[PDB]
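Enquirer: Would you mind keeping the following structure in view while I ask a few things?
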Amino acid sequence: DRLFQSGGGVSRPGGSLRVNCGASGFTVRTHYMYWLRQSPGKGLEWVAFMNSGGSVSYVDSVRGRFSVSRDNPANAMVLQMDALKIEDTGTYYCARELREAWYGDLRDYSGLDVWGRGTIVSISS
Amino acid sequence: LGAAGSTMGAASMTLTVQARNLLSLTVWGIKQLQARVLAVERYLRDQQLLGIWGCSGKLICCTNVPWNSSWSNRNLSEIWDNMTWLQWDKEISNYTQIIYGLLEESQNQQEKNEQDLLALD
Amino acid sequence: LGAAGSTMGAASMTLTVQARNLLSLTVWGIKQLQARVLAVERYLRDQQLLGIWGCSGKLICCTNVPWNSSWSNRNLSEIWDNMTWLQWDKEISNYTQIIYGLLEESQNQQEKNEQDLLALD
Amino acid sequence: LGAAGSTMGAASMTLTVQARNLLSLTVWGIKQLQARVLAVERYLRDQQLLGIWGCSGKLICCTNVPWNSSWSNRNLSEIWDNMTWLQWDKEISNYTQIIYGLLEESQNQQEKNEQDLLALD
Amino acid sequence: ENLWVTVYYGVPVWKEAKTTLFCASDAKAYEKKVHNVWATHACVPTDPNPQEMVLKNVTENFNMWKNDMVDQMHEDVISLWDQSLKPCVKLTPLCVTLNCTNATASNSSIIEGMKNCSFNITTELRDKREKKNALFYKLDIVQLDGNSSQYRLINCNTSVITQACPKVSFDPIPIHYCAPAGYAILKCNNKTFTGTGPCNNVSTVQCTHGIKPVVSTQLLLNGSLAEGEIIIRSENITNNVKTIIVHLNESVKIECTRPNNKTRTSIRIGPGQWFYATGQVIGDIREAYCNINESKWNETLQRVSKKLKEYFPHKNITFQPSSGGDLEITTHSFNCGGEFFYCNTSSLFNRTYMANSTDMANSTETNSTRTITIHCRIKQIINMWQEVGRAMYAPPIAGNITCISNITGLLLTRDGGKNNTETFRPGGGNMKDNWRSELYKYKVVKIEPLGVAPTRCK
Amino acid sequence: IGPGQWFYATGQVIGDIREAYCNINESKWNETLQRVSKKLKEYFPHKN
Amino acid sequence: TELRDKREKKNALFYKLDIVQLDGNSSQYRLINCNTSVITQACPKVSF
Ligand SMILES: *[C@@H]1O[C@H](CO)[C@@H](O[C@@H]2O[C@H](CO)[C@@H](O[C@@H]3O[C@H](CO[C@H]4O[C@H](CO)[C@@H](O)[C@H](O)[C@@H]4O)[C@@H](O)[C@H](O[C@H]4O[C@H](CO)[C@@H](O)[C@H](O)[C@@H]4O)[C@@H]3O)[C@H](O)[C@H]2NC(C)=O)[C@H](O)[C@H]1NC(C)=O
Ligand SMILES: *[C@@H]1O[C@H](CO)[C@@H](O[C@@H]2O[C@H](CO)[C@@H](O[C@@H]3O[C@H](CO)[C@@H](O)[C@H](O[C@H]4O[C@H](CO)[C@@H](O)[C@H](O)[C@@H]4O)[C@@H]3O)[C@H](O)[C@H]2NC(C)=O)[C@H](O)[C@H]1NC(C)=O
Ligand SMILES: *[C@@H]1O[C@H](CO)[C@@H](O[C@@H]2O[C@H](CO)[C@@H](O[C@@H]3O[C@H](CO)[C@@H](O)[C@H](O)[C@@H]3O)[C@H](O)[C@H]2NC(C)=O)[C@H](O)[C@H]1NC(C)=O
Ligand SMILES: *[C@@H]1O[C@H](CO)[C@@H](O[C@@H]2O[C@H](CO)[C@@H](O[C@@H]3O[C@H](CO)[C@@H](O)[C@H](O)[C@@H]3O)[C@H](O)[C@H]2NC(C)=O)[C@H](O)[C@H]1NC(C)=O
Ligand SMILES: *[C@@H]1O[C@H](CO)[C@@H](O[C@@H]2O[C@H](CO)[C@@H](O[C@@H]3O[C@H](CO)[C@@H](O)[C@H](O)[C@@H]3O)[C@H](O)[C@H]2NC(C)=O)[C@H](O)[C@H]1NC(C)=O
Ligand SMILES: *[C@@H]1O[C@H](CO)[C@@H](O[C@@H]2O[C@H](CO)[C@@H](O[C@@H]3O[C@H](CO)[C@@H](O)[C@H](O)[C@@H]3O)[C@H](O)[C@H]2NC(C)=O)[C@H](O)[C@H]1NC(C)=O
Ligand SMILES: *[C@@H]1O[C@H](CO)[C@@H](O[C@@H]2O[C@H](CO)[C@@H](O[C@@H]3O[C@H](CO)[C@@H](O)[C@H](O)[C@@H]3O)[C@H](O)[C@H]2NC(C)=O)[C@H](O)[C@H]1NC(C)=O
Ligand SMILES: *[C@@H]1O[C@H](CO)[C@@H](O[C@@H]2O[C@H](CO)[C@@H](O)[C@H](O)[C@H]2NC(C)=O)[C@H](O)[C@H]1NC(C)=O
Ligand SMILES: *[C@@H]1O[C@H](CO)[C@@H](O[C@@H]2O[C@H](CO)[C@@H](O)[C@H](O)[C@H]2NC(C)=O)[C@H](O)[C@H]1NC(C)=O
Ligand SMILES: *[C@@H]1O[C@H](CO)[C@@H](O[C@@H]2O[C@H](CO)[C@@H](O)[C@H](O)[C@H]2NC(C)=O)[C@H](O)[C@H]1NC(C)=O
Ligand SMILES: *[C@@H]1O[C@H](CO)[C@@H](O[C@@H]2O[C@H](CO)[C@@H](O)[C@H](O)[C@H]2NC(C)=O)[C@H](O)[C@H]1NC(C)=O
Ligand SMILES: *[C@@H]1O[C@H](CO)[C@@H](O[C@@H]2O[C@H](CO)[C@@H](O)[C@H](O)[C@H]2NC(C)=O)[C@H](O)[C@H]1NC(C)=O
Ligand SMILES: *[C@@H]1O[C@H](CO)[C@@H](O[C@@H]2O[C@H](CO)[C@@H](O)[C@H](O)[C@H]2NC(C)=O)[C@H](O)[C@H]1NC(C)=O
Ligand SMILES: *[C@@H]1O[C@H](CO)[C@@H](O)[C@H](O)[C@H]1NC(C)=O
Ligand SMILES: *[C@@H]1O[C@H](CO)[C@@H](O)[C@H](O)[C@H]1NC(C)=O
Ligand SMILES: *[C@@H]1O[C@H](CO)[C@@H](O)[C@H](O)[C@H]1NC(C)=O
Ligand SMILES: *[C@@H]1O[C@H](CO)[C@@H](O)[C@H](O)[C@H]1NC(C)=O
Ligand SMILES: *[C@@H]1O[C@H](CO)[C@@H](O)[C@H](O)[C@H]1NC(C)=O
Ligand SMILES: *[C@@H]1O[C@H](CO)[C@@H](O)[C@H](O)[C@H]1NC(C)=O
Ligand SMILES: *[C@@H]1O[C@H](CO)[C@@H](O)[C@H](O)[C@H]1NC(C)=O
Ligand SMILES: *[C@@H]1O[C@H](CO)[C@@H](O)[C@H](O)[C@H]1NC(C)=O
Ligand SMILES: *[C@@H]1O[C@H](CO)[C@@H](O)[C@H](O)[C@H]1NC(C)=O
Ligand SMILES: *[C@@H]1O[C@H](CO)[C@@H](O)[C@H](O)[C@H]1NC(C)=O
């Protein structure tokens, strides 16, 4: 399995950007996927999560501004980002998680096993 | 539905109107079935009263039964001119059953017997 | 109800009698519905057998179907004089279905076709 | 059941066929009742449409209603020769309701009124 | 030049319509006086005669992807499985702190969590509680949110768990379907019907053949065979979210077995209640497995690929094992012998197919001696696909288990991307796509016997 | 309470304390009840 | 709850008019209706 990313780039505050995350060896649409970001020299932080079912949860700080969508023909996800702020500047990562939830109910948990190399996003004036 | 307050002669013009409307999950389920079956039962009762009276497919049918003056003394003009069927039914209610009894056999069953006798060898 | 033990000719005089009586909370509720619907079904089956046979509104109807001597050899006098419909039905039971098949189309459907042909241009 | 793909003239020969088949514990119990009552309701609706149209006991009946050329321009030969009732119904669907409205009273109710007038004094 | 109105009654004319269909059963009764099978299938009018009538010069469209009856079938299965557990015992007094070490019979190594799971049970005077023990297959046990010596039932903080009752053990019963009066069931009767478009071959029946309520994961089993060649049906082949259906024309025998035995034991609960569990295990340890004919599998999937490349009329084809999620969507689940099985099928879809490169077939694989073998695990507590929030427990079956089945079809999904090529892997999950795989031959219509036309009379 | 059962209750109360109340237009109430009385005295066609 | 062996001490608030003093020490209290009738919680989807 592998993940590969594209997009990101440069934007003024209030602009819009978009990052693609495509998979190989497995399809996005049937796994647990995570969007995270890391500001330079700082730690990782959660951004978005999409379950196997396709429902998405957002962290409060980007709700109403970030949106994730499935691109099944491309076997990928897309993070669309609008109303960009300075705080959104950093390196973004798309990742796959392996868990065990038998008959719904869970028993076992590995963590994040597949990690994309990250895309750079810079919001500046 | 709309001729009630009218005179009998007037109301007679529109009868198919009623003919159309006479017919056609544990709280209401039993209820709906009871209602629908009751509707079927009443409609078929009326159809059977026709079948014995003849006049099966005719909303109006005229037949050989003489009318009793003792049931009412009123003139045809008076009865068809300025009265509603509501009032008429009220007056006739008492003799209604006797009328039904006479009309059921003396009219139609004598007819059937004598009719097959006519064609009889 | 009261002519069974009588002779066929006698029993024939009283037929509307049956005609009147042929028709019309979790333990009995389903039961009542089943019974009422069954009654409706049987009555309508008979009505449909008439509708195909014609004779819709006539408890007696005579029509162009010749009788087979092979079904029975008995005299009309013998059959109508001193026999109950109970016994008659027993003898005819075997050919009843064939009789129904013949009477259903050869009599009435040929009639309909040839009749509209008569009025046809 | 077996004349659908046939031409209208052909299909007309066999109609009693449909006439016979048109009619006749908590999971299915309610279901069976719903189905049977629905069947009764549809059959009686059709019977009532006849009763208002007349033609009660006749699978074919011809009556005084002129046909509109605007509903269709096709020849009788063309319509009865090489078409299925499926297609015919599709073309007539739009004017079906108007046809029913006209046939329901202008034909049969005018008939009843004028007929009793003829026998009237 | 006279054209008057005429009416006909009894016209052979119909329309597509939504309605309710009714079950019909076989002559042999269940004879167990159970509400959900006997009073639901064995009390239903039996042996309907499919005196089918073929129709000359008739054309009709059949949409198997959109129809109105598959839902009812889903509906009935859910209703039955709900009714099944109505009268038998709940296990609420059981989900308690479990003290379970790991041991086994003669030599411990295999458990895998089962042996001597101990628990306190108060029975039957509600004052004299006793210490009992029993074995539960490891995958049904969770570690308690605390000390590792403590364990819990898998589902008990979340849902109610019920034991299945011995008279209610449900095996497939072929269900026929009948329409009410005024309604008719039509079959496209084609040998190459793909599930859409017009069909120049129509007949009608008063009754459909029996279809068994078989619950399945990926593979299609106990099913009917295609008449001609293997047939591939998809709502939209170019859409990547649409499940692909493979209907074989030749069955493939699969043989599964649980070769060990288990001694059934019972712990009383109260007045008419007992929890059934595994006692001693006898005697040798082997994992349950399944066996397949290599060559048949092989030629089969080859023809599958040759037919599949039609819908993607281009570059080569690749199969992959399952990808991930709950093993439900990744393994082969079934219920042979009343116990529930999950087989890792990854070894089965590890092939590729090229164009004209090489076709060495002198092999004839080998003297009927290359049986493909696959490992399986089993379980007891079942959150059936039918519902969430109500788990079924299953009692162990003493002795061993054999089960033999026919393989008839496949439920695949796809993936776009990789280089220039197409990739597929077993999909499944949706129960309806099971039943949609056999109801695809039927449509229901309503009969409107009133019609009008011109004639020359008056 | 158990597998699918929970009792719902009041936790912390926030933040200031006022008794629940209802508000009405005096004049409308007033003219209203006056007309009510004027109509009522018909059925008791007498003293106040 | 929920292992029917590990009972816990909880607390919550009930509007006073719903509480009665127990037939004994004033520190003890009882639900208003519970010696007499069955009390049921209303379910969120069924709010009518
Ligand atoms: C279609 O799908 C089903 C599901 O796997 C398969 O049906 C199985 O078929 C086998 C063989 O016919 C059945 O095995 C038989 O079981 C009988 C007992 O079953 C009853 O009792 C058990 C508890 O003991 C209940 O759980 C069960 O529900 C039944 O109530 C045995 O009596 C049989 O033995 C008889 O036949 C053998 C010879 O075969 C004799 O030697 C014996 O003396 C005896 O006469 C037999 O063991 C199995 O029960 C069926 N399961 C189900 C769920 O129906 C089909 O194989 C499958 N077909 C295809 C093509 O896929
Ligand atoms: C449209 O497609 C349908 C098929 O879906 C087809 O209907 C089938 O027609 C064939 C030939 O006309 C039928 O074959 C025979 O039919 C008789 C009675 O219908 C059966 O008794 C026969 O059974 C014996 O013969 C078989 C060999 O022919 C044996 O294999 C069998 O074991 C019996 O010994 C035989 O089936 C067939 O029955 C029907 N289908 C059904 C369900 O009845 C139709 O002909 C096609 N044509 C058109 C123009 O649409
Ligand atoms: C209870 O279960 C444990 C866990 O399976 C059983 O013992 C385990 O045996 C395996 C097989 O070797 C051990 O895994 C590996 O062992 C090697 C050394 O043998 C070690 O170097 C590896 O790091 C790895 O752990 C496992 O450690 C071992 N666990 C324990 C706790 O001993 C055990 O036999 C079962 N039965 C009991 C404890 O009664
Ligand atoms: C059973 O179903 C198959 C398809 O599932 C039917 O095959 C269909 O046959 C018709 C007529 O032969 C085809 O129409 C033709 O299309 C070609 C173009 O491909 C055109 O050149 C012809 O003039 C004609 O229009 C139709 O395409 C074909 N179906 C498909 C999906 O291609 C078959 O007729 C059915 N009946 C049987 C086998 O008895
Ligand atoms: C199920 O359907 C398959 C797919 O059609 C049937 O496969 C048939 O298998 C035979 C045996 O290999 C094939 O014969 C070969 O045909 C090719 C040309 O097609 C020829 O070049 C070879 O020399 C050899 O004769 C046959 O072609 C093939 N069918 C087709 C359409 O190619 C299989 O028989 C069916 N089985 C059942 C039980 O329905
Ligand atoms: C069956 O599936 C195929 C492939 O998924 C469908 O074709 C695709 O349909 C989508 C939706 O209409 C097209 O997306 C559109 O792309 C244009 C490109 O400019 C864009 O402007 C639109 O906003 C929209 O995103 C897609 O291009 C098209 N691709 C191909 C190769 O046809 C087809 O519609 C499906 N058929 C049915 C009946 O659902
Ligand atoms: C179709 O059935 C054949 C029947 O054996 C299976 O393919 C077989 O796969 C085995 C193991 O990969 C092959 O053994 C290997 O052979 C190669 C030379 O071909 C050798 O370099 C390896 O060291 C090993 O011995 C076997 O030859 C091969 N036989 C054939 C006839 O293909 C397999 O089960 C099926 N094919 C596929 C693609 O799954
Ligand atoms: C309501 O009552 C009046 C009077 O009783 C009816 O008046 C009749 O009106 C029709 C049409 O206008 C005349 O032809 C009659 O000669 C009137 N009769 C009398 C006695 O005035 C009126 O028809 C009644 N309405 C209905 C619906 O019956
Ligand atoms: C019972 O049987 C006797 C004899 O079979 C019937 O007697 C008939 O009586 C009527 C009226 O009294 C006469 O007109 C007949 O001539 C008698 N026939 C014979 C053969 O005696 C009597 O009618 C039968 N009762 C019923 C109700 O049918
Ligand atoms: C199917 O279609 C053909 C042609 O449309 C019909 O052929 C008719 O066959 C009958 C009896 O063999 C002839 O009397 C007609 O003259 C034929 N008509 C034509 C146009 O060929 C055939 O009847 C149709 N089948 C059905 C059941 O309707
Ligand atoms: C589960 O049962 C085992 C088996 O007895 C308990 O292990 C015992 O623990 C006590 C307490 O330390 C020791 O004194 C015994 O020697 C142990 N016996 C064995 C055979 O290991 C274990 O404590 C139990 N777990 C509980 C009660 O939570
Ligand atoms: C049944 O419950 C009893 C009571 O909690 C358990 O026995 C206790 O076990 C602990 C740990 O081993 C001891 O410290 C206590 O002294 C024990 N008390 C009594 C009264 O036995 C027992 O382990 C439980 N057994 C099962 C099978 O659940
Ligand atoms: C497993 O597959 C092989 C080949 O796929 C089967 O071999 C068959 O053997 C019979 C007997 O000579 C031949 O008539 C068949 O033609 C062979 N099949 C094929 C596809 O060539 C073998 O029978 C299969 N095993 C079982 C148990 O059926
Ligand atoms: C009438 O029945 C008698 C038997 O009682 C028989 O003798 C006679 O031949 C029959 N046919 C007649 C009288 O034509
Ligand atoms: C009958 O239909 C034909 C079309 O086939 C048409 O030419 C003709 O005018 C129509 N009317 C007749 C023959 O009166
Ligand atoms: C009937 O009305 C429908 C709905 O407007 C229309 O689609 C159809 O073309 C009409 N047909 C005729 C013959 O008027
Ligand atoms: C039980 O809990 C205590 C509390 O911390 C812990 O020290 C001890 O190791 C636990 N025992 C086991 C077997 O987990
Ligand atoms: C086609 O098959 C060849 C080997 O035969 C393989 O190397 C190649 O990747 C495949 N290409 C496509 C586009 O499927
Ligand atoms: C299964 O049980 C039967 C009956 O007790 C016994 O004869 C047989 O040997 C057992 N088989 C295994 C594999 O334990
Ligand atoms: C149990 O095993 C024996 C021998 O291995 C075998 O004869 C028997 O059929 C098996 N029974 C089942 C139900 O698997
Ligand atoms: C009621 O709750 C909302 C949301 O927690 C809070 O903003 C508001 O101030 C509260 N009002 C009072 C009167 O407590
Ligand atoms: C009527 O109203 C007067 C004041 O206006 C009051 O004093 C008196 O008690 C009332 N009397 C009666 C009989 O209602
Ligand atoms: C509790 O009961 C004892 C028994 O008489 C009594 O003395 C004591 O005052 C009581 N406490 C309260 C708070 O009522």
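By order of appearance in the structure tokens: chains A, B, ..., then residues from 1 within every chain, and ligands from 1 in the order shown.
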Determine which residues of chain G receive a DSSP assignment of strand (DSSP E or B), computed from the backbone, and state them as a list in words.

Expert: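 Going through chain G, the strand (DSSP E or B) residues come out as residues 13, 19, 20, 21, 29, 30 and 31 of chain G.
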
Enquirer: Please produce a file of those selected residues containing N, CA and C atoms, as a PDB file, in the first residue's frame.

Expert:
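Result file follows (part-v8.pdb):
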ATOM      1  N   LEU G  13     -29.970  15.944  40.671  1.00  0.00           N
ATOM      2  CA  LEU G  13     -30.892  16.933  41.205  1.00  0.00           C
ATOM      3  C   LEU G  13     -32.296  16.617  40.709  1.00  0.00           C
ATOM      4  N   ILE G  19     -40.054  15.101  45.092  1.00  0.00           N
ATOM      5  CA  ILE G  19     -39.421  14.296  46.129  1.00  0.00           C
ATOM      6  C   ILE G  19     -40.327  14.290  47.343  1.00  0.00           C
ATOM      7  N   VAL G  20     -40.409  13.150  48.017  1.00  0.00           N
ATOM      8  CA  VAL G  20     -41.137  13.070  49.272  1.00  0.00           C
ATOM      9  C   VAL G  20     -40.167  12.678  50.370  1.00  0.00           C
ATOM     10  N   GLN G  21     -40.498  13.074  51.591  1.00  0.00           N
ATOM     11  CA  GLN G  21     -39.725  12.627  52.735  1.00  0.00           C
ATOM     12  C   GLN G  21     -40.095  11.192  53.083  1.00  0.00           C
ATOM     13  N   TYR G  29     -35.118  10.252  51.757  1.00  0.00           N
ATOM     14  CA  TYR G  29     -36.167  10.709  50.869  1.00  0.00           C
ATOM     15  C   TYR G  29     -36.478   9.618  49.866  1.00  0.00           C
ATOM     16  N   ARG G  30     -37.630   9.764  49.225  1.00  0.00           N
ATOM     17  CA  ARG G  30     -38.127   8.778  48.288  1.00  0.00           C
ATOM     18  C   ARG G  30     -38.689   9.501  47.080  1.00  0.00           C
ATOM     19  N   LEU G  31     -38.686   8.808  45.951  1.00  0.00           N
ATOM     20  CA  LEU G  31     -39.430   9.287  44.804  1.00  0.00           C
ATOM     21  C   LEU G  31     -40.900   9.392  45.178  1.00  0.00           C
TER      22      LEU G  31
END

Enquirer: Residues of chain A were defined as contacting chain E if any atom lay at most 7 Å from it, counting only C-alpha atoms; please report them as a list in words.

Expert: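 Therefore, the residues near the partner are residues 24, 26, 27, 30, 31, 72, 73, 74, 75, 100, 101, 102, 103, 105 and 107 of chain A.
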
Enquirer: Could you take the residues named above and write them with N, CA and C atoms, as a JSON list (two decimals), in the first residue's frame?

Expert:
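And here's again_11.json as it stands now:
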[["chain", "number", "residue", "atom", "x", "y", "z"],
["A", 24, "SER", "N", -2.77, 3.43, -3.42],
["A", 24, "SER", "CA", -2.42, 2.27, -4.22],
["A", 24, "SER", "C", -2.32, 1.06, -3.31],
["A", 26, "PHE", "N", -4.96, -0.38, -2.18],
["A", 26, "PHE", "CA", -6.23, -0.43, -1.49],
["A", 26, "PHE", "C", -7.00, 0.83, -1.84],
["A", 27, "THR", "N", -8.32, 0.76, -1.70],
["A", 27, "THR", "CA", -9.19, 1.88, -2.02],
["A", 27, "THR", "C", -9.47, 2.70, -0.77],
["A", 30, "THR", "N", -13.07, 2.32, 1.49],
["A", 30, "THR", "CA", -13.40, 1.25, 2.43],
["A", 30, "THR", "C", -12.41, 1.17, 3.58],
["A", 31, "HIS", "N", -11.88, 2.30, 4.02],
["A", 31, "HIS", "CA", -10.91, 2.31, 5.11],
["A", 31, "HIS", "C", -11.12, 3.55, 5.96],
["A", 72, "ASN", "N", -13.80, 8.66, -6.05],
["A", 72, "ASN", "CA", -13.71, 7.23, -6.33],
["A", 72, "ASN", "C", -13.10, 6.93, -7.69],
["A", 73, "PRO", "N", -13.43, 7.64, -8.78],
["A", 73, "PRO", "CA", -12.75, 7.36, -10.05],
["A", 73, "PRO", "C", -11.24, 7.48, -9.96],
["A", 74, "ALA", "N", -10.73, 8.36, -9.11],
["A", 74, "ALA", "CA", -9.29, 8.49, -8.92],
["A", 74, "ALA", "C", -8.78, 7.70, -7.73],
["A", 75, "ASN", "N", -9.67, 7.02, -7.00],
["A", 75, "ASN", "CA", -9.31, 6.32, -5.78],
["A", 75, "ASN", "C", -8.52, 7.23, -4.85],
["A", 100, "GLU", "N", -9.74, -2.91, 14.22],
["A", 100, "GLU", "CA", -10.57, -4.10, 14.19],
["A", 100, "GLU", "C", -11.82, -3.83, 15.02],
["A", 101, "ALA", "N", -12.98, -3.83, 14.35],
["A", 101, "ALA", "CA", -14.25, -3.51, 14.98],
["A", 101, "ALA", "C", -15.23, -4.61, 14.57],
["A", 102, "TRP", "N", -15.22, -5.70, 15.34],
["A", 102, "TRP", "CA", -15.88, -6.92, 14.91],
["A", 102, "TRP", "C", -17.39, -6.77, 15.11],
["A", 103, "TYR", "N", -18.14, -7.02, 14.05],
["A", 103, "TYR", "CA", -19.60, -6.88, 14.07],
["A", 103, "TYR", "C", -20.01, -5.50, 14.58],
["A", 105, "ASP", "N", -18.67, -3.81, 16.94],
["A", 105, "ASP", "CA", -17.95, -3.61, 18.19],
["A", 105, "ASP", "C", -16.45, -3.85, 18.01],
["A", 107, "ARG", "N", -12.35, -4.41, 19.14],
["A", 107, "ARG", "CA", -11.50, -5.11, 20.08],
["A", 107, "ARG", "C", -10.02, -4.77, 19.93]]

Enquirer: Do you know which residues are at most 8 Å from residue 24 in chain B counting only C-alpha atoms, after dropping those on the same chain fewer than 5 positions away, and could you put them as a PyMOL selection string?

Expert: (chain B and resi 39) or (chain D and resi 41+45)

Enquirer: Neighbours of residue 266 in chain E within 10 Å (only C-alpha atoms; same-chain residues fewer than 5 positions away dropped), as a list in words?

Expert: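 Residues near the query, excluding close chain neighbours: residues 134, 273, 274, 275, 276, 277, 278, 279 and 395 of chain E.
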
Enquirer: Could the residues in this selection be written to a file with N, CA, C and O atoms, as a PDB file, in the first residue's frame?

Expert:
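Dumped everything to selection_35.pdb:
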ATOM      1  N   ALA E 134     -16.571 -22.003  31.918  1.00  0.00           N
ATOM      2  CA  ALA E 134     -16.891 -22.496  30.587  1.00  0.00           C
ATOM      3  C   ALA E 134     -15.918 -21.872  29.603  1.00  0.00           C
ATOM      4  O   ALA E 134     -15.136 -20.984  29.949  1.00  0.00           O
ATOM      5  N   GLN E 273     -34.450 -21.850  32.145  1.00  0.00           N
ATOM      6  CA  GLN E 273     -33.386 -21.127  31.468  1.00  0.00           C
ATOM      7  C   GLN E 273     -32.063 -21.819  31.746  1.00  0.00           C
ATOM      8  O   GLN E 273     -31.759 -22.143  32.896  1.00  0.00           O
ATOM      9  N   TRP E 274     -31.281 -22.050  30.698  1.00  0.00           N
ATOM     10  CA  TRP E 274     -29.923 -22.540  30.872  1.00  0.00           C
ATOM     11  C   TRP E 274     -29.057 -21.982  29.758  1.00  0.00           C
ATOM     12  O   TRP E 274     -29.467 -21.927  28.597  1.00  0.00           O
ATOM     13  N   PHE E 275     -27.847 -21.583  30.121  1.00  0.00           N
ATOM     14  CA  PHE E 275     -26.868 -21.117  29.159  1.00  0.00           C
ATOM     15  C   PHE E 275     -26.029 -22.298  28.706  1.00  0.00           C
ATOM     16  O   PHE E 275     -25.508 -23.052  29.535  1.00  0.00           O
ATOM     17  N   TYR E 276     -25.904 -22.458  27.395  1.00  0.00           N
ATOM     18  CA  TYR E 276     -25.166 -23.560  26.804  1.00  0.00           C
ATOM     19  C   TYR E 276     -23.771 -23.084  26.450  1.00  0.00           C
ATOM     20  O   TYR E 276     -23.598 -21.960  25.970  1.00  0.00           O
ATOM     21  N   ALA E 277     -22.780 -23.935  26.688  1.00  0.00           N
ATOM     22  CA  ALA E 277     -21.401 -23.533  26.481  1.00  0.00           C
ATOM     23  C   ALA E 277     -20.556 -24.748  26.144  1.00  0.00           C
ATOM     24  O   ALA E 277     -21.028 -25.886  26.117  1.00  0.00           O
ATOM     25  N   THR E 278     -19.288 -24.473  25.884  1.00  0.00           N
ATOM     26  CA  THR E 278     -18.323 -25.509  25.575  1.00  0.00           C
ATOM     27  C   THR E 278     -17.717 -26.066  26.853  1.00  0.00           C
ATOM     28  O   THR E 278     -17.252 -25.318  27.718  1.00  0.00           O
ATOM     29  N   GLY E 279     -17.734 -27.385  26.968  1.00  0.00           N
ATOM     30  CA  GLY E 279     -17.100 -28.098  28.060  1.00  0.00           C
ATOM     31  C   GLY E 279     -15.719 -28.574  27.673  1.00  0.00           C
ATOM     32  O   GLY E 279     -14.907 -27.815  27.132  1.00  0.00           O
ATOM     33  N   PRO E 395     -25.344 -21.425  20.656  1.00  0.00           N
ATOM     34  CA  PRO E 395     -24.818 -22.490  21.491  1.00  0.00           C
ATOM     35  C   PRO E 395     -23.876 -23.373  20.692  1.00  0.00           C
ATOM     36  O   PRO E 395     -24.057 -23.561  19.478  1.00  0.00           O
TER      37      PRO E 395
END

Enquirer: Counting only C-alpha atoms and all ligand atoms, which protein, DNA or RNA residues come within 8 Å of ligand 12, given as a PyMOL selection string?

Expert: chain E and resi 96-99+118-121+130-133

Enquirer: Enumerate, as number ranges by chain, the complete set of residues in range 292-426 of chain E that a backbone-based DSSP assignment places in alpha helix (DSSP H).

Expert: E: 294-311, 327-330

Enquirer: Determine, counting only C-alpha atoms, which protein, DNA and RNA residues have an atom within 6 Å of an atom of residue 289 in chain E; residues of the same chain fewer than 4 positions away are not included. Present the result as a list in words.

Expert: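 Selected residues are residues 256, 257, 374, 375 and 376 of chain E.
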
Enquirer: Can you tell me which residues sit at most 6 Å away from ligand 20, counting only C-alpha atoms and all ligand atoms, written as an mmCIF file with N, CA and C atoms, in the first residue's frame?

Expert:
data_model
loop_
_atom_site.group_PDB
_atom_site.id
_atom_site.type_symbol
_atom_site.label_atom_id
_atom_site.label_comp_id
_atom_site.auth_asym_id
_atom_site.auth_seq_id
_atom_site.Cartn_x
_atom_site.Cartn_y
_atom_site.Cartn_z
ATOM 1 N N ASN E 400 -18.133 -32.982 15.865
ATOM 2 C CA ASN E 400 -17.480 -32.256 14.781
ATOM 3 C C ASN E 400 -18.509 -31.798 13.752
ATOM 4 N N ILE E 401 -18.021 -31.149 12.692
ATOM 5 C CA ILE E 401 -18.897 -30.583 11.672
ATOM 6 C C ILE E 401 -18.324 -30.853 10.291
ATOM 7 N N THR E 402 -19.156 -31.384 9.399
ATOM 8 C CA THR E 402 -18.879 -31.380 7.971
ATOM 9 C C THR E 402 -19.917 -30.518 7.277
#
